[PDB]
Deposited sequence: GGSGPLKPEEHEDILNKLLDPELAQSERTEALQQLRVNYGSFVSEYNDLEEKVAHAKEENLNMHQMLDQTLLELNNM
């Protein structure tokens, strides 16, 4: 937040530092998509775990009724 805006302000007006600053934006965006990626797959895993547990309980109830 404080890291970002300050760099956006440096680039408002003109410069070898601007290449260094834009690279800092490039890497941050990188670390943004990758953090979002880790989150999307946490969701997919939680969904998987949930589904399997329901399946296991439903299946156990069927088995219990056949016993």
How would you list, in order, the spans of the deposited sequence that the model does not cover?
-> 1-7, 22-24
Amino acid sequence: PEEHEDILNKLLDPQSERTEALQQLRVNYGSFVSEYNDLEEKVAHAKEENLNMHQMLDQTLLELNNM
From here on, numbers count along this sequence of modelled residues.
Is the mean CA B factor in the deposited entry higher across 45-53 or across 19-27?
-> 19-27
Given 54-62 and 5-13, the range whose Cα B-factors average higher in the PDB entry = 5-13
